[PDB]
Amino acid sequence: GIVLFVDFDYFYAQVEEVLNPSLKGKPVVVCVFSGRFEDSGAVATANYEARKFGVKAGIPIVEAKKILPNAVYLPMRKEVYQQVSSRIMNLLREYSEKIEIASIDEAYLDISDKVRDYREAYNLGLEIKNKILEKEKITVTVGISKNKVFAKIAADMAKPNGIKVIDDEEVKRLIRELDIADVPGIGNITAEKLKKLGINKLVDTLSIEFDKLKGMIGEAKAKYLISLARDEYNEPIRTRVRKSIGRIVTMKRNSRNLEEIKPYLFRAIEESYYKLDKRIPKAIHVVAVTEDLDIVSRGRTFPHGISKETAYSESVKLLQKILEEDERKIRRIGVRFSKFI
DNA sequence: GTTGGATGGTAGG
DNA sequence: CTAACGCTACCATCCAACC
Ligand SMILES: Nc1nc2c(ncn2[C@H]2C[C@H](O)[C@@H](COP(=O)(O)OP(=O)(O)OP(=O)(O)O)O2)c(=O)[nH]1
Ligand SMILES: [Ca+2]
Ligand SMILES: [Ca+2]
Ligand SMILES: [Ca+2]
């Protein structure tokens with residue numbers, strides 16, 4: 001088969017610039033103000049202008065504003081952005097029907113039936129790039145491979161604003177060359193676990209017995225790599241099924257007091273149930289971010305579905321349960337619904 | 001023991 | 001208040017209850 005992974009470039013920022021052309025060419029940091037103090041927040045993302053100075057997603061604003069104070073600091077609007085993503089998705093659905101929407105800014109089409117070889121595959125790659133450009137004035141990165149995984153690595157190499165194929169000549173090359181941290185699904189804990197065993201490339205994993213591999217990075221991780229390294233990896237594109245919908249929010253100051261904490265919780269619950277839409281969940285989870293940034297979960301499942309009124313009375317139970325079993329304060333709190341019908 | 005739950009980890013550049 | 005927002009998938013661990 002043939003997969004055509006597609007990730008939009010510096011998404012949220014590039015939407016702001018589509019809506020505000022004067023921003024083009026300047027640094028633009030899309031932010032997430034928590035309003036605990038002035039400019040308490042986080043950078044959601046920043047255009048490649050601003051990245052050159054090291055303002056990258058995840059860092060604090062106040063720190064970003066050091067690095068670049070004169071850059072254009074816009075606030076995150078998730079709803080403006082989804083609408084776009086949604087519009088762009090329905091263009092991608094012109095080309096293939098089999099489309100998997102991995103994230104807010106990326107998808108895999110299975111263009112197997114639509115093309116006979118990479119040449120054509122790529123040519124469609126250029127076609128997508130252009131329509132999205134003419135229709136939505138956004139620039140994307142196309143990545144093409146025989147499977148999902150190499151599709152992704154392809155477009156890691158490619159981005160920004162680039163198309164990039166990985167034929168077999170290649171795949172088999174990278175299996176004995178590409179360093180193992182570049183394999184998606186392989187973070188840092190895995191990075192260390194693997195270096196310990198002297199495993200730096202996919203090729204290393206069929207010169208080592210399965211059974212140790214399992215007892216060091218887990219079974220599920222092992223088999224996958226082994227598969228990839230044998231190049232027998234066939235894990236097909238298939239429609240998303242949102243398995244959970246959550247929301248967690250930040251408090252003006254940290255707290256242990258239920259009266260202090262409740263109004264925030266209830267906001268997330270309202271916002272969560274609205275996200276849900278038609279879906280009915282079997283399980284709730286109150287989630288806490290502690291003062292020193294541990295993440296603390298408490299949940300329950302029900303045999304039957306969870307009404308909104310159930311969710312309110314229940315969340316508070318769990319929140320007390322949290323307050324009980326850990327003595328720390330709370331920076332953020334929220335809920336996460338799961339196990340739909 | 002054999003699942004399906006409860007809690008946490010790792011990763012998503 | 002003094003830095004760390006926001007979102008989801010999936011796997012591993014401990015463990016409690018039916019074959
Ligand atoms: N709130 C928040 N949003 C994020 C975070 N990371 C990513 N996002 C949102 C904003 C991004 O524009 C979008 C997609 O992220 P990507 O991984 O694809 O990178 P991005 O789109 O910013 O540009 P990319 O080509 O890497 O350069 O998702 C994060 O840490 N926090
Ligand atoms: Ca992107
Ligand atoms: Ca992405
Ligand atoms: Ca990695």
# chains A, B, ... in the order shown; residues from 1 in each chain; ligands from 1
>>> residues_near_ligand(ligand="ligand 1", cutoff="6 Å", atoms="only C-alpha atoms (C1' of nucleotides) and all ligand atoms", output="MDAnalysis selection string")
(chainID A and resid 8:12 44:45 57:58 105 160) or (chainID C and resid 5:6)
>>> interface_residues(of="chain C", to="chain A", cutoff="10 Å", atoms="only C-alpha atoms (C1' of nucleotides)", output="MDAnalysis selection string")
chainID C and resid 1:12
>>> write_last_selection(atoms="N, CA and C atoms (P, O5', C5', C4', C3', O3' and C1' of nucleotides)", output="tab-separated table (two decimals), in the first residue's frame")
chain	number	residue	atom	x	y	z
C	1	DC	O5'	-0.88	32.07	43.25
C	1	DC	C5'	-0.76	33.47	42.98
C	1	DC	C4'	0.50	33.79	42.17
C	1	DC	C3'	1.81	33.30	42.78
C	1	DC	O3'	2.51	32.50	41.81
C	1	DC	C1'	1.91	35.70	42.38
C	2	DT	P	3.77	31.56	42.17
C	2	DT	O5'	4.99	32.36	41.49
C	2	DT	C5'	4.76	33.49	40.63
C	2	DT	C4'	6.02	34.05	40.01
C	2	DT	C3'	7.31	33.29	40.25
C	2	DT	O3'	8.20	33.53	39.16
C	2	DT	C1'	7.23	35.32	41.59
C	3	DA	P	9.25	32.44	38.63
C	3	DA	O5'	8.37	31.66	37.56
C	3	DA	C5'	7.94	32.31	36.37
C	3	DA	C4'	7.33	31.32	35.43
C	3	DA	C3'	6.14	30.61	36.04
C	3	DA	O3'	5.13	30.52	35.06
C	3	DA	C1'	7.80	29.04	35.46
C	4	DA	P	3.76	29.78	35.42
C	4	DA	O5'	4.08	28.32	34.83
C	4	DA	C5'	3.99	28.14	33.43
C	4	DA	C4'	4.29	26.71	33.04
C	4	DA	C3'	3.46	25.69	33.79
C	4	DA	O3'	2.16	25.53	33.18
C	4	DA	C1'	5.77	25.01	33.74
C	5	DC	P	0.87	25.21	34.05
C	5	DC	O5'	-0.29	25.57	33.04
C	5	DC	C5'	-0.40	26.91	32.56
C	5	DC	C4'	-1.35	26.96	31.38
C	5	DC	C3'	-2.44	25.89	31.41
C	5	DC	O3'	-3.68	26.35	30.89
C	5	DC	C1'	-1.12	25.65	29.47
C	6	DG	P	-5.01	25.50	31.17
C	6	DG	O5'	-5.10	24.44	29.99
C	6	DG	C5'	-5.39	24.92	28.69
C	6	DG	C4'	-5.06	23.86	27.67
C	6	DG	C3'	-5.74	22.54	27.98
C	6	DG	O3'	-7.04	22.58	27.39
C	6	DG	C1'	-3.59	22.28	26.95
C	7	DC	P	-7.92	21.26	27.29
C	7	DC	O5'	-7.29	20.77	25.91
C	7	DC	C5'	-7.96	19.92	25.01
C	7	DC	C4'	-7.03	18.79	24.60
C	7	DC	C3'	-7.46	17.43	25.09
C	7	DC	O3'	-8.30	16.92	24.12
C	7	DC	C1'	-5.10	17.67	24.88
C	8	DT	P	-9.31	15.77	24.47
C	8	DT	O5'	-8.38	14.51	24.19
C	8	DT	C5'	-8.22	14.10	22.84
C	8	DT	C4'	-7.16	13.04	22.72
C	8	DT	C3'	-7.56	11.70	23.30
C	8	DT	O3'	-7.42	10.71	22.29
C	8	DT	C1'	-5.42	12.28	23.99
C	9	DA	P	-8.09	9.27	22.47
C	9	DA	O5'	-7.11	8.29	21.68
C	9	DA	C5'	-6.12	8.74	20.79
C	9	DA	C4'	-4.93	7.85	21.00
C	9	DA	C3'	-5.29	6.43	21.41
C	9	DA	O3'	-4.67	5.51	20.54
C	9	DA	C1'	-3.74	7.35	22.95
C	10	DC	P	-5.12	3.97	20.63
C	10	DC	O5'	-4.03	3.47	21.69
C	10	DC	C5'	-2.71	3.98	21.57
C	10	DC	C4'	-1.77	3.27	22.52
C	10	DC	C3'	-2.31	1.96	23.04
C	10	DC	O3'	-1.22	1.18	23.40
C	10	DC	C1'	-2.02	3.37	24.80
C	11	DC	P	-1.24	-0.40	23.22
C	11	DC	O5'	-0.08	-0.82	24.23
C	11	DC	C5'	1.15	-0.11	24.24
C	11	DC	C4'	1.74	-0.08	25.63
C	11	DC	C3'	1.63	-1.40	26.39
C	11	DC	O3'	2.88	-1.72	26.98
C	11	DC	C1'	0.72	0.36	27.65
C	12	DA	P	3.15	-3.15	27.66
C	12	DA	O5'	3.26	-2.71	29.18
C	12	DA	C5'	4.17	-1.69	29.53
C	12	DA	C4'	4.21	-1.51	31.02
C	12	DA	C3'	4.10	-2.80	31.82
C	12	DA	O3'	4.88	-2.67	32.98
C	12	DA	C1'	2.29	-1.43	32.37
>>> interface_residues(of="chain B", to="chain A", cutoff="8 Å", atoms="only C-alpha atoms (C1' of nucleotides)", output="ChimeraX atom specification")
/B:5-7,10-11
>>> atom_distance(atom1="atom CA of residue 290 of chain A", atom2="atom CA of residue 321 of chain A")
14.1 Å
>>> select_by_dssp(residues="segment 112-204 of chain A", states="strand (DSSP E)", output="short mmCIF file (atom, residue, chain, number, x, y, z; two decimals) with C-alpha atoms, in the first residue's frame")
data_model
loop_
_atom_site.label_atom_id
_atom_site.label_comp_id
_atom_site.auth_asym_id
_atom_site.auth_seq_id
_atom_site.Cartn_x
_atom_site.Cartn_y
_atom_site.Cartn_z
CA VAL A 140 1.45 21.88 4.82
CA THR A 141 4.09 19.22 4.77
CA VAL A 142 3.46 15.99 2.88
CA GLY A 143 5.24 12.75 3.77
CA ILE A 144 4.89 9.55 1.78
CA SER A 145 5.92 5.99 2.57
CA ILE A 163 6.99 17.02 0.28
CA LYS A 164 9.14 13.94 0.80
CA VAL A 165 8.97 10.30 -0.33
#
>>> atom_distance(atom1="atom CA of residue 14 of chain A", atom2="atom CA of residue 136 of chain A")
10.7 Å
>>> atom_distance(atom1="atom CA of residue 333 of chain A", atom2="atom CA of residue 55 of chain A")
26.7 Å
>>> residues_around(residues="residue 19 of chain C", least_positions_apart="3", cutoff="12 Å", atoms="only C-alpha atoms (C1' of nucleotides)", output="list in words")
residues 1, 2 and 3 of chain B
>>> closest_residue(among="A:294, A:318, A:157, A:125", to="residue 9 of chain B", atoms="only C-alpha atoms (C1' of nucleotides)")
A:294
>>> select_by_dssp(residues="segment 103-278 of chain A", states="alpha helix (DSSP H)", output="VMD selection string")
chain A and resid 118 to 136 148 to 158 168 to 175 189 to 196 210 to 217 219 to 230 258 to 276
